Every structure is written in structure tokens, then in C-alpha cells.
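Engineer: Can you keep this structure in mind? I'll have questions shortly.
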Amino acid sequence: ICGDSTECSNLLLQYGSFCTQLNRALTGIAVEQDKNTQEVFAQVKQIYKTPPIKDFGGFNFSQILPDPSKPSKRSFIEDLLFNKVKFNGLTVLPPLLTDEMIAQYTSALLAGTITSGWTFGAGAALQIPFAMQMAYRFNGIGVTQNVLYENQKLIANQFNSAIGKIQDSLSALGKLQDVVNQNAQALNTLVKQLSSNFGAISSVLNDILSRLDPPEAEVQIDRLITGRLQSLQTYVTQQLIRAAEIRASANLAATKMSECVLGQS
Amino acid sequence: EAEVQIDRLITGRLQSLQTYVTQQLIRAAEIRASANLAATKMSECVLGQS
Amino acid sequence: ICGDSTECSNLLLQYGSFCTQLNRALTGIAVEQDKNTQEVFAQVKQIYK
Amino acid sequence: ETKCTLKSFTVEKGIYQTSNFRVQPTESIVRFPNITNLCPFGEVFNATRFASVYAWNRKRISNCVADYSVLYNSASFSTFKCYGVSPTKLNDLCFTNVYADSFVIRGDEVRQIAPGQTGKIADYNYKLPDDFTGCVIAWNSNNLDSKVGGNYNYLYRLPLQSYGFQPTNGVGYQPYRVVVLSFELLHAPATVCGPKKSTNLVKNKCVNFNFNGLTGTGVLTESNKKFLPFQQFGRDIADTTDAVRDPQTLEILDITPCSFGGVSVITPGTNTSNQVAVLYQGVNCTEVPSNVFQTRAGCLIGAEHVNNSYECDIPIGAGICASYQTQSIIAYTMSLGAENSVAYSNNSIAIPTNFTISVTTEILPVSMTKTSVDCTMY
Amino acid sequence: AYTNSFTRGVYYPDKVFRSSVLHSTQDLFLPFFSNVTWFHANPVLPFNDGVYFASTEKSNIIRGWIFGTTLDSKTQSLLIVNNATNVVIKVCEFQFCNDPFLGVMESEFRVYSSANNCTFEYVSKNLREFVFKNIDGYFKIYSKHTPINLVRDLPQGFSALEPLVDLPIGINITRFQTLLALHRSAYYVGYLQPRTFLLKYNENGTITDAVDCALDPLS
Ligand SMILES: *[C@@H]1O[C@H](CO)[C@@H](O[C@@H]2O[C@H](CO)[C@@H](O)[C@H](O)[C@H]2NC(C)=O)[C@H](O)[C@H]1NC(C)=O
Ligand SMILES: *[C@@H]1O[C@H](CO)[C@@H](O[C@@H]2O[C@H](CO)[C@@H](O)[C@H](O)[C@H]2NC(C)=O)[C@H](O)[C@H]1NC(C)=O
Ligand SMILES: *[C@@H]1O[C@H](CO)[C@@H](O[C@@H]2O[C@H](CO)[C@@H](O)[C@H](O)[C@H]2NC(C)=O)[C@H](O)[C@H]1NC(C)=O
Ligand SMILES: *[C@@H]1O[C@H](CO)[C@@H](O[C@@H]2O[C@H](CO)[C@@H](O)[C@H](O)[C@H]2NC(C)=O)[C@H](O)[C@H]1NC(C)=O
Ligand SMILES: *[C@@H]1O[C@H](CO)[C@@H](O)[C@H](O)[C@H]1NC(C)=O
Ligand SMILES: *[C@@H]1O[C@H](CO)[C@@H](O)[C@H](O)[C@H]1NC(C)=O
Ligand SMILES: *[C@@H]1O[C@H](CO)[C@@H](O)[C@H](O)[C@H]1NC(C)=O
Ligand SMILES: *[C@@H]1O[C@H](CO)[C@@H](O)[C@H](O)[C@H]1NC(C)=O
Ligand SMILES: *[C@@H]1O[C@H](CO)[C@@H](O)[C@H](O)[C@H]1NC(C)=O
Ligand SMILES: *[C@@H]1O[C@H](CO)[C@@H](O)[C@H](O)[C@H]1NC(C)=O
Ligand SMILES: *[C@@H]1O[C@H](CO)[C@@H](O)[C@H](O)[C@H]1NC(C)=O
Ligand SMILES: *[C@@H]1O[C@H](CO)[C@@H](O)[C@H](O)[C@H]1NC(C)=O
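For the record, the sequence lines run as chains A, B, C, D and E. In terms of the deposited numbering, the first sequence is residues 742 to 826, 854 to 939, 944 to 1037. Counting from 988, one number per residue, gives the positions in the second sequence under the deposited numbering. Counting from 742, one number per residue, gives the positions in the third sequence under the deposited numbering. In terms of the deposited numbering, the fourth sequence is residues 298 to 455, 491 to 621, 640 to 676, 690 to 741. In terms of the deposited numbering, the fifth sequence is residues 27 to 67, 81 to 143, 153 to 172, 187 to 247, 264 to 297.
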């Protein structure tokens, strides 16, 4: 609002706790964004590792297991996904979890599934060979389990080709671009709203102040204050409405991670 | 003269009351989803086996 | 706000992008309504008889 | 400060935003352009032969750089009155035209060159309007204009009489030279005005700057962009000034917003200790005003950095947490969790031989309080 | 004759550097694909709001313009001239020949016959564009000199015009003319209207393309 000037701060002091409320509102939003990520990804007790062999019954998981020749240790498909997506009081805080940590949670969820099926989601991880776990899952959809063992090679080839098609279909993510776009565009409007007079002589708190004397200037500075406070309320109310939509989405993601990754649905 | 000074109070108090009423709508929409989840858990965990 | 009056329209320009914001908000919830019924009813590939 | 921010005498463990850190700027550097045509008054105030009183001269000074200070302080003038405008504020205003009228009168006739007078001079030789704006300057010139035997070349209308000036005349009969400056303001776009100084220009320090009109604050730094040779300053997307060109040396300088950021206080809780650590958010830890520790989230003071890794206690950010463990506070990188290694093989299975019955709780809000307001009574 | 500009008469709206930024402006521009008069070799034209003015030659037949309301005494006017020496801006009250020009011995200047009350002085194939405008007692002049590979026809292309001069005169203007060097031994006139454009800025800060936002639905 004011911004450096001192004639503005004493006038704005007359409005009560309007600015304390807005900072509380924005701080709650920022604390909720870390809990969103903790609820989706930190769904595992231990950090599980895959064994150095890769004898998985002919199934090939190399495009989705971590890449040891990288600082970030992401997988091939996680590398494809990451290449496709100071001011007047404004600040951006960093997330609590790095995305190295997030990639490390996801690789442990992956090694839990490939090595123990669904047992690590209900207690201690109990190893089972991958073809036998695949045969347990064929039973869960009502197919008899020799249909898997007599067709193992064909089933493994089909999995491998379908995994290969995903990178080509990747190298889509518009749902992740929209959030970034809407937020950047709503932050650009707040800054552009600072060059408007709102019905004062000018929109810059010095030229109003060095071309009039106090009784005359306080009138214009109150109009500037009113406009700039209205802009900030519009911004904060829309961030509150937009964060409740992101929370309903992270809640759906947590349920999917529980029910589709840690079990069979 | 008191009209001009009473209007300055009216505008401020209206603003503050309407801010209160917006933030309650946004907080009630969140309590509503929690109660909707509690109603599903009562059906699926208490009157059944999930 | 103004309703076919140029005197009012030029004074409305001193508030910036309030009307652009309002139209953008209202249009985004008109687009969401068609998505709403596409997600409920178009859950079938063929028209079976 | 935390107790005051919360309005309480007991703070529970957490992390609280308590205030803000804002570097302070010293001195005000006022930059500006040079001064070529500073107006050569040394022709009207330095003439070898003035003009009569009944046919005064009229020079129309025009677009220039006028320095009324060399006039005002020259101490050689016996009379320097300013009417529309006091003298010291002349070198800070701008008009459309300045006129300068010149003539020669007696010594005691200088009091009729003023708005609203009468006498043979102001009646019909030279009349000043009643809302004059300029200034009147006058100085004695006995040695230049008066000559033995009488200088009969200086006439006045009374139809014409001549002062016979002579060097042995009492003061008040010796010749005085007069110059009347009249500032006028028609309705043009601009014209001549005072001068403009320019302090020094530093760098790499939060400063309060003015570049021939551009008023701002920030750190100035040597640039490597190239304007076109008529562009003064550069702007960003979202329209903020981020580069300028120095008028005198004509080099481009970037303008970075001076550092700033919230201040947070990390406390183990007053029921445990009264020690405290302080986070200056996204501030470089060399410009804050023991343990100073730099984080991706800002500069942390009052906690020591260890190499162990524990479960997160108080979240700082970017993977860093703090705890009250090692009688003090410490920093580090949180722990994702233990490390379990499944002995997977192509023909091995693990099967449980026992079980435990466990029971856990889950708490959910269903309602909140129903309130009503009465608009009118509030 | 009349001819069609294509994308012509774009000037830098002001100082302030700038790079790749489809920046949007409201100002007085020459609309795209306009109806520009054609003159051969001239008469008194109007001004009414700024002027675009191109010209083509290798010799120099176009030797400046003359501006004002009456182009005579009893009111003030501007005069911008160029003999084989260099430019001569001037602001007096004049008496202008109703057909004023300069010859080419090489003796010339039958332009005016009066130079009273001067309030401003100054002394010191091809395509030469100019934009003249007059706001708040300032008479602004933008210009650009591009080389054609023709002799005297209006080409096609994009080329932004850079500010040249600024004169705090105060003069009123309603009419203007041209000046030509006779024989003794092609030019156009557009007008400017309040439009809204979208300028594309290079990384060095030059305007490389533009969009006139009132041409068609696509724009
Ligand atoms: C798992 O699949 C990948 C393909 O995505 C295999 O890697 C490729 O193998 C072919 C030949 O089979 C090579 O031409 C490619 O250069 C390989 N791409 C790489 C190494 O990035 C990989 O060999 C498969 N795993 C196993 C155990 O066969
Ligand atoms: C007229 O010209 C003279 C000579 O150039 C100026 O006199 C100078 O005044 C300064 C300050 O009083 C002295 O320090 C110099 O010594 C003087 N000059 C000489 C040669 O001694 C005078 O200032 C000029 N008048 C005005 C109004 O500018
Ligand atoms: C403004 O004046 C200063 C001097 O008052 C000029 O500084 C000179 O710059 C040149 C560089 O071309 C140096 O060689 C000179 O030694 C400088 N003079 C001094 C006294 O330092 C400056 O160039 C002037 N401004 C412009 C735009 O030319
Ligand atoms: C299965 O686990 C239970 C414990 O949950 C074992 O029962 C415990 O046995 C120890 C030693 O005999 C006693 O000290 C405890 O009191 C028993 N617990 C309870 C709750 O009674 C049981 O022996 C285990 N069974 C097998 C086959 O290992
Ligand atoms: C708080 O203080 C009470 C009594 O002083 C003590 O019993 C309790 O353990 C304290 N809490 C903590 C977290 O230290
Ligand atoms: C703080 O400034 C110093 C001096 O330039 C620099 O070396 C350091 O990297 C800066 N801090 C960060 C976090 O980059
Ligand atoms: C932490 O370990 C690193 C290993 O690279 C070492 O260089 C550093 O000195 C250690 N820090 C402390 C405080 O001992
Ligand atoms: C320009 O306007 C005149 C006015 O009559 C018209 O005759 C001519 O065809 C127009 N030229 C173009 C290119 O539209
Ligand atoms: C060119 O024209 C100007 C117009 O007054 C004149 O002053 C100048 O002397 C002319 N050039 C020559 C060489 O005479
Ligand atoms: C302009 O010129 C005319 C004729 O030469 C003269 O009468 C008039 O006084 C002049 N204007 C001024 C302001 O002196
Ligand atoms: C220009 O002419 C108009 C005629 O309507 C007149 O009102 C105006 O005062 C003139 N300009 C100046 C600066 O006097
Ligand atoms: C100007 O722009 C061109 C192309 O955009 C670029 O190659 C060049 O480095 C820039 N600067 C110059 C020519 O000084």
C-alpha cells in the first residue's frame, strides 16, 4: 500500500487490523501447501531399495526406476516430465521438501511395490517373486492364475511395449501448466494495479506529496489507499478460493496413492 | 457536517462486516467436506467392512 | 456500471483492470459448467441400442 | 517480540513471524545534466554604453540556462528588489520569456522604478504594471557616465531635457544604471529556467537516487545491455524501471530492488528455555545488521549446523529443520525415514506366523458455531 | 493518384529502452493499408492531426516543408529549409509566395519575402519518411532514411521511425506545404488517427513488427 512513504503509514494505521487479517490468510495457505505434499508422498515408513539384479520375470522397469548417473537421481520419465512444465512487498517462499526428496519418496514407493506387492502398505514388507505377485493380481480380477503362467512372455512383452509408448506419447501436462499460469497471471494484475490513481491526481505517492500541502494531500492519499487495499483484498480472496480447489485435488491424489499403488482396487 | 463523518464510519464498518461474511463462507465450505467424509466413514467403516 | 455513457466510462478507467478481472472470473465458471456435464454423461464410447 | 506479537506470556513451540528487516539508505545522490548555454548576461550587465531613459532598451532573453545567483550575490548592486518572487527561489523556477530593459537615471529616481509610483520618470518615461513579476537591479555608475563639463547625452522626457552629469555631484545626482528583469509566462510549453547541479554517483549500495527526473531507491550496478542512442531508461514486464542511463557519462546501469524480507523467531517454547533463533527470510546473510548459517530459505542466526539427520521438529524450509537438542538449537536436513532392505529373489517368500490386533483413532470436525449478526445494530 | 501503404508510419512512442515485449500502445498512428495521396513533380494541404510523409529520389528535389495556419503575416508560422549547405529551421512571421520554391549560377529561394519578429532561429534511390506532430506547444518530428532499390515508387515492408527533434514553439498549425528545387540548367501524404497497436520489440530494443488492432477480426 504505502511503500516507503511515511505520510501513508500513519493514515493506514487508521483502518484497524485489515492488514493483519490478510497476512494471516496468506500464511495459512502457505502452510497448507506443505501438508498437501506430505499427505500425497510421505506415505511410507522406510526408504526401500531395489536389489542390484533385475530378474523380474521378464518385466522391465528401467524407464521408471531412478537414474544413478544424475545429481537429482530422477528416472527417465521423471526427467521428461520436468522439461515440459523481488518486488513491492511480494515474496516467494521455498517448499519444505526439495524435489530430490520427492523423487526419493517416489522411488521407495516403487521399490516397495515391485518387491513386496501390497504387503508393505499394511505392515512389514514381505518379499514375493514378481510373477507370483502378478498371478495373485490376476486372481483379483477373476482370471484363473494359470492364464498368467502359460502366457508370461507375451504378457511381459505387452507391458514392455505399453511402457515404451508412454515416452513417445510424452516426448498432456496442461493441468499442471494451468495452475502456474493462473497464479502468475493473478500476481501480475496486483502489480499492475499500482499504477492507477483511483481518482486522485496521480498514482505515485511522491508527486502527490511534493505538489500539495498536507491538508490537501491527505485527501488524495486516502483515495490511493482505498484503491490499493481493495486490490489486495480481491487478490487474497481469490487465492483462498483457488487453494481450496488444489486441496480437493491433493486429497484425491492421496486416496489414489493409497488405493491404486498400495493395493488393488 | 456530521453526515460526512458518519459516512466514513459506515463505509468502514460495512467493509469489515462483509469481509467477515466472506471468510465464513469459505470456512464453512471446508467444514462441509469434512462432514461429508465423516458420513462416508460412518457408512463404510462402522456399518460395513471396508 | 455506466450503461452507454462516455462520461462515466472514462472515469471507470481510473480503477484499472477491475472489469477485466470480473469478466475473466465469470467466464471461467461458464466453461466449468460444460465440463461438469461432459464428465457425468459422456462416459460411453458407442451409442448402444 | 514474539510474546508481544502473540499477545501472551506463554508461547508454545512453533515458528512465528515477528517483524521485518529493511536495510537503510544513506545520503541522497542527485544526478543531472551539464550546462552549456548558461546565458551570457555579461552583455546587458556589462555594456560599454547604456541606453537613454526615454528610449530604454529591450532585450528578450530566451531559451537558455539562467543563473540568477551570480547576480544575487555579486554584492556590486546597490539595489536588488524582487517583487513577484523572492530572489533565492529564482534558480529553481522556469518561465516562458525573460525580458531585460536597460537605461540610466539619476540616483534618487531609482525609487520610481517600482509598481505603483508617480513622478516624471514613472509617469512618462517608463511605467511598470501594477502586478509586476520580475526584479529590479540598479548600481551606481558615476565614473563611466559622468564627464567633466557635463555629459549632455542622457536625456529624459518631461519635450526633452538632459541630465548634465558632472563628476563632482553629490550622491543622488550621479548616474545610476538600471536593469529591469521581467519574467513572463504566456501559454507555451516551456522555456528558460534556473540551473541544475548533480551530486556524485556511487554503486553497490542501497541508495536514494534521482536521474534527471527519475526518482527511486535501490542498488546501482554496471550493466551490459545496450539501449538505442535516444533511450533513457529501461522497463520490465509489469512496468517497473530496471535500468537507467547516466546523463553525464552515458552508461547503462541496472537498478536492483534493495534486499528485504520477513523475520521469524524459532523458539523451543518458554516452558523449556528462553533461547531463540532468528530467520531473515531470503536475505543474504552478509547484510543482516556466533552462529550464522546460510539456507536456501534465508539467513539463520543462533542455531548451529550439525551433520546428523533427525526427524523434522520445527520446519525451516527447503529440507532444513531445527530442534532444541544439542541445550540449544541446530540445523540440518530432515530424514525421510528409516531404511528397509527387502531380500528379494526369484524364488523366496516371507509368510507371517503371528498377528497383532491394533486400534487407532481418527478425529473429524462435523460442525461449527451458528452465529447471527444484526447489520443495523452493528 | 492514390496509393496503398502496407505497414508504414510506425514510430517509437517515446524513450525508455525495451526488448522482446509485445507492448501495447494507444497513440496517433497511420492505420495499416491506408489511402495515401500521390503527388508528382505543390499545393497547400491540411494538417488536422499529424502527418506521414515519404519521398523518393537520388537528387534532392524535396527541400523541406512550411507549416502554420495562414502561411503569411498577421500570424506566426514555422519554416524548415535545406539549401545545398544544411538544414535551417526558423520561426518568424513571414510573407510566403503562394507558389514558393527555390531554383538551381545555382541561385534560389523565391520562397518568402518577409522575416519579421523571429522568435526562434537555427542554422548549421532513397526513401525518406517523416512523421510530424504537434502537441502541447511542442512540434515533434520523427524520421527514417531507408534505401530503396527502386527510384520513385512506394515500396512494401516494415521500418520504425526514430525521434529527431523537439521544438517548444507554441505555434498553432492548420496547414502545410512543400518546397522543391526547380529545373533551370514523387511524394505522399498520410494522416494520423488515434489507434491502438501491438509492437514487437527485439532483444536489442528495436521494433521489428506490429499489429494494428482494428483492421480485422484476426488482429
Ligand atoms: C529395458 O528396456 C530398455 C528400453 O527402453 C532397454 O534399453 C534399450 O535396449 C536397446 C536394445 O535392447 C538399446 O538399443 C537401447 O539403446 C537401450 N536404451 C537404453 C539403454 O537407454 C533395456 O535394455 C531393457 N532392459 C533389459 C534388462 O533388457
Ligand atoms: C562583467 O564582467 C566583469 C569582468 O569579466 C565581471 O567582473 C568580475 O567579478 C568577479 C566577482 O565580483 C570578480 O572576481 C572578477 O575579478 C571580476 N572581473 C575582473 C576582470 O576582475 C562581472 O562579474 C561581470 N558582470 C556580471 C553581471 O556578470
Ligand atoms: C559533462 O561534463 C563533464 C565534465 O564537466 C564531461 O566529462 C568529460 O568526459 C570526457 C570523456 O569523453 C573526459 O575525457 C573528460 O576529461 C571529462 N571531463 C572532466 C572534467 O572530467 C562529460 O563528458 C560531459 N557530459 C557529456 C555528455 O559529454
Ligand atoms: C504370538 O504373539 C503373542 C504376543 O502377541 C505371543 O503371546 C505372548 O507370549 C509371551 C511368551 O509366552 C507372553 O509373555 C505374553 O504374555 C503373550 N502375550 C499375550 C497377549 O498373551 C504368542 O506366544 C505368539 N505365538 C507364537 C506361535 O509365536
Ligand atoms: C510445561 O511446564 C509444566 C510445569 O512447569 C511441566 O509439567 C511440563 O512438562 C512442561 N511442558 C513441556 C513441554 O516441557
Ligand atoms: C551473498 O553475497 C556474497 C558476496 O557476493 C556471495 O558470495 C554469496 O554467494 C551471496 N549469497 C548467496 C546465497 O549466494
Ligand atoms: C560434515 O561433513 C562434511 C563432509 O564433507 C565435512 O566437510 C564437514 O566439516 C562436516 N561438518 C561438521 C560441522 O563437522
Ligand atoms: C481513396 O479515396 C478516394 C476518395 O474518392 C477513392 O476514390 C479511392 O478509390 C480510394 N483509394 C483506395 C485505395 O481505396
Ligand atoms: C542556406 O540558407 C540559409 C537560410 O537563411 C542561409 O542562412 C545560409 O547562408 C544559406 N547558405 C549559404 C551558403 O549561404
Ligand atoms: C511584430 O511585427 C509587427 C510589424 O513589424 C510589429 O508591429 C509588432 O510589434 C511585432 N510584434 C511584437 C511583439 O513586437
Ligand atoms: C489556436 O487556435 C485556437 C482556435 O480555436 C485558439 O483558441 C487557440 O488559443 C490557439 N492556440 C493558442 C496557443 O493560442
Ligand atoms: C542486435 O540484434 C541482433 C539480432 O537480433 C544480434 O545478433 C546482435 O548481437 C544485436 N546487437 C548488435 C548488433 O549490436
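The beta carbon of each residue, even a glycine, is placed where N, CA and C say it ideally should be.
What are the residues in the region 793-811 of chain A lying within 7 Å of chain D by C-beta distance?
Structural biologist: Taking 7 Å as the Cβ-Cβ cut-off against chain D, the residues of the region 793-811 of chain A that qualify are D796.
Engineer: Identify every residue that forms a DSSP beta bridge with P85 of chain E.
Structural biologist: Counted from its first residue, the fifth sequence places residue 85 of chain E at position 46. Its beta-bridge partners are E:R237.
Engineer: Might you give, ordered along the chain, the residues of its own chain that have their beta carbon closer than 6 Å to the beta carbon of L56 of chain E, omitting 5 neighbours on each side?
Structural biologist: Here residue 56 of chain E corresponds to residue number 30 of the fifth sequence, with the count starting at 1. Hits under 6 Å: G35, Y91, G268, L270.
Engineer: Just verifying my parser: in three-state terms, what is the DSSP assignment at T114 of chain E?
Structural biologist: Taking the fifth sequence and counting its residues from 1, the one referred to as residue 114 of chain E is at position 75. Three-state DSSP puts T114 of chain E in coil, outside helix and strand.
Engineer: Since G548 of chain D is in the beta strand (DSSP E), which residue starts that stretch and which ends it?
Structural biologist: Numbered from 1 along the fourth sequence, position 216 holds the residue referred to as residue 548 of chain D. First-last of the beta strand (DSSP E) with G548 of chain D: 546-554.
Engineer: Based on DSSP bridge pairs, tell me the residues matched to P225 of chain E.
Structural biologist: The residue given as residue 225 of chain E occupies position 163 in the fifth sequence. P225 of chain E is bridged to E:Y204.
Engineer: Taking Cβ-Cβ distances shorter than 7 Å, what residues in chain B pair up with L1012 of chain A?
Structural biologist: Your numbering for residue 1012 of chain A matches position 240 in the first sequence. Residues of chain B passing the Cβ test: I1013.
Engineer: Report yes or no: is there a C-beta of chain F within less than 8 Å of the C-beta of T1009 of chain A?
Structural biologist: In summary, chain F is missing from the structure at hand, where the protein chains are A, B, C, D and E.
Engineer: In chain E, which residues lie with their C-beta within 8 Å of the C-beta of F329 of chain D?
Structural biologist: As a working note, residue 329 of chain D is residue 32 in the fourth sequence. Within chain E, no residue comes near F329 of chain D; the closest Cβ sits about 17 Å away, beyond 8 Å.
Engineer: Anything in the region 33-55 of chain E with a Cβ closer than 7 Å to a Cβ of chain D? List those residues in chain order, please.
Structural biologist: Listed by position along the chain: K41, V42, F43, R44, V47.
Engineer: Can you give, in chain order, each stretch of the beta strand (DSSP E) that sits fully within the region 990-1016 of chain A and has at least 3 residues?
Structural biologist: DSSP runs (the beta strand (DSSP E)) wholly in the region 990-1016 of chain A: none.
Engineer: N856 of chain A and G744 of chain A: beta carbons closer than 8 Å?
Structural biologist: Along the first sequence, one-based indexing puts residue 856 of chain A at 88. Along the first sequence, one-based indexing puts residue 744 of chain A at 3. Taking 8 Å as the Cβ cut-off, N856 of chain A and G744 of chain A qualify as a contacting pair.
Engineer: Would you call the region 371-389 of chain D in contact with the region 432-452 of chain D, where contact means no fewer than 3 C-beta pairs closer than 8 Å?
Structural biologist: With a cut-off of 8 Å, the region 432-452 of chain D and the region 371-389 of chain D count as touching, because enough Cβ pairs lie within range.
Engineer: Identify every run of the alpha helix (DSSP H) within the region 316-391 of chain D, keeping only runs that are complete inside it and at least 4 residues long; order them along the chain.
Structural biologist: You should have 365-369.
Engineer: Smallest Cα separation from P600 of chain D: which of D:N394, D:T676, D:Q644, D:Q564?
Structural biologist: Here residue 600 of chain D is taken as the residue at index 268 of the fourth sequence, counted from 1. Minimum Cα distance to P600 of chain D is reached at D:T676.
Engineer: Report yes if the C-beta distance between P499 of chain D and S438 of chain D is below 8 Å; otherwise report no.
Structural biologist: Within the fourth sequence, the letter at position 167 stands for residue 499 of chain D. Within the fourth sequence, the letter at position 141 stands for residue 438 of chain D. Result no, Cβ atoms of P499 of chain D and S438 of chain D do not sit closer than 8 Å.
Engineer: Using a beta-carbon distance cut-off of less than 9 Å, what residues from the region 532-554 of chain D approach chain A?
Structural biologist: So the list reads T547, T549, given in the order they occur along the chain.
Engineer: Just list the residues that DSSP pairs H245 of chain E with in beta bridges.
Structural biologist: Locating residue 245 of chain E in the fifth sequence gives position 183, counting from the first residue. The partner list for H245 of chain E (beta bridge, DSSP) is empty, contrary to what the question assumes.
Engineer: Between which two residues does the alpha helix (DSSP H) harbouring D867 of chain A extend?
Structural biologist: As a working mapping, residue 867 of chain A is identified with position 99 in the first sequence. Per DSSP, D867 of chain A belongs to the alpha helix (DSSP H) from 867-884.
Engineer: So, does the CB of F565 of chain D fall closer than 8 Å to a CB anywhere in chain E?
Structural biologist: For the purposes of this step, residue 565 of chain D is identified with residue 233 of the fourth sequence, where counting begins at 1. Yes, its Cβ sits closer than 8 Å to a Cβ of chain E.
Engineer: Rounded to whole angstroms, what is the Cα-Cα separation between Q218 of chain E and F133 of chain E?
Structural biologist: Here residue 218 of chain E is taken as the residue at index 156 of the fifth sequence, counted from 1. Here residue 133 of chain E is taken as the residue at index 94 of the fifth sequence, counted from 1. Using only the alpha carbons, I get a separation of about 39 Å.
Engineer: Quick check: the region 271-287 of chain E against the region 219-231 of chain E, are there 3 or more CB pairs under 8 Å?
Structural biologist: Verdict: yes, contact present.
Engineer: Does the beta-carbon of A363 of chain D have 16 or more other beta-carbons within 10 angstroms, so that it is buried, or is it exposed?
Structural biologist: Taking the fourth sequence and counting its residues from 1, the one referred to as residue 363 of chain D is at position 66. With 16 or more Cβ atoms within 10 Å of its Cβ, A363 of chain D is classed as buried.
Engineer: Check each candidate in A:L858, A:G799, A:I923 and name the one with the smallest Cα separation from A956 of chain A.
Structural biologist: Counting from one through the first sequence, the residue named residue 956 of chain A turns up at place 184. Ranking A:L858, A:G799, A:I923 by Cα distance to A956 of chain A puts A:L858 first.
Engineer: Compile a chain-ordered list of the residues in the region 744-775 of chain C whose CB is closer than 7 Å to at least one CB of chain A.
Structural biologist: So the close ones are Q755, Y756, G757, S758, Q762.
Engineer: I'd like to know if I1018 of chain B contacts chain D, where contact means its C-beta is closer than 8 Å to some C-beta of that chain.
Structural biologist: For the purposes of this step, residue 1018 of chain B is identified with residue 31 of the second sequence, where counting begins at 1. Closer than 8 Å to some Cβ of chain D, the Cβ of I1018 of chain B qualifies, so yes.
Engineer: Going by DSSP, what residues sit across from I434 of chain D in a beta bridge?
Structural biologist: To locate residue 434 of chain D, count along the fourth sequence from 1; it is residue 137. DSSP, once it has assigned bridges, lists D:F377, D:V511 as partnering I434 of chain D.
Engineer: Is there contact between the region 543-556 of chain D and the region 581-600 of chain D, where contact requires at least three CB pairs shorter than 8 Å?
Structural biologist: Contact between the region 543-556 of chain D and the region 581-600 of chain D is present, because at least three Cβ pairs lie under 8 Å.
Engineer: Helix, strand or coil for residue 281 of chain D? Go by DSSP, reduced to three states.
Structural biologist: With chain D running from 298 to 741 in the structure shown, residue 281 of chain D is simply not present.
Engineer: Can you pull out the residues from the region 699-723 of chain D whose beta carbon lies closer than 8 Å to at least one beta carbon of chain A?
Structural biologist: Going along the region 699-723 of chain D in chain order, one finds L699, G700, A701, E702, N703, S704, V705, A706, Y707, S708, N709, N710, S711, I712, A713, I714, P715 with a Cβ nearer than 8 Å to chain A.
Engineer: Does DSSP classify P715 of chain D as helix, strand or coil?
Structural biologist: Position 352 of the fourth sequence, counting from 1, holds the residue named residue 715 of chain D. In the structure shown, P715 of chain D sits in coil (DSSP, three-state: anything other than H, G, I, E or B).
Engineer: Does the region 988-996 of chain B come into contact with the region 795-810 of chain A, if we say contact requires no fewer than three beta-carbon pairs (one atom in each stretch) closer than 8 Å?
Structural biologist: Touching, no.
Engineer: Residues in its own chain within less than 8 Å of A701 of chain D by CB, not counting five upstream and five downstream?
Structural biologist: For the purposes of this step, residue 701 of chain D is taken as residue 338 along the fourth sequence, with counting starting at 1. If we look at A701 of chain D and ignore the five residues flanking it on each side, it has no Cβ neighbours.
Engineer: Just the Cα atoms here: how many angstroms apart are residue 477 of chain D and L296 of chain E?
Structural biologist: For residue 477 of chain D, no position is available: the coordinates of chain D end at 455 and pick up again at 491.
Engineer: How is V503 of chain D classed by DSSP in three states: helix, strand or coil?
Structural biologist: For the purposes of this step, residue 503 of chain D is taken as residue 171 along the fourth sequence, with counting starting at 1. Correct three-state label for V503 of chain D: coil.
Engineer: What is the residue span of the beta strand (DSSP E) that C749 of chain C lies within?
Structural biologist: Within the third sequence, numbered from 1, the residue matching residue 749 of chain C stands at position 8. Run containing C749 of chain C: none in the beta strand (DSSP E); it sits in the alpha helix (DSSP H), 747-753.
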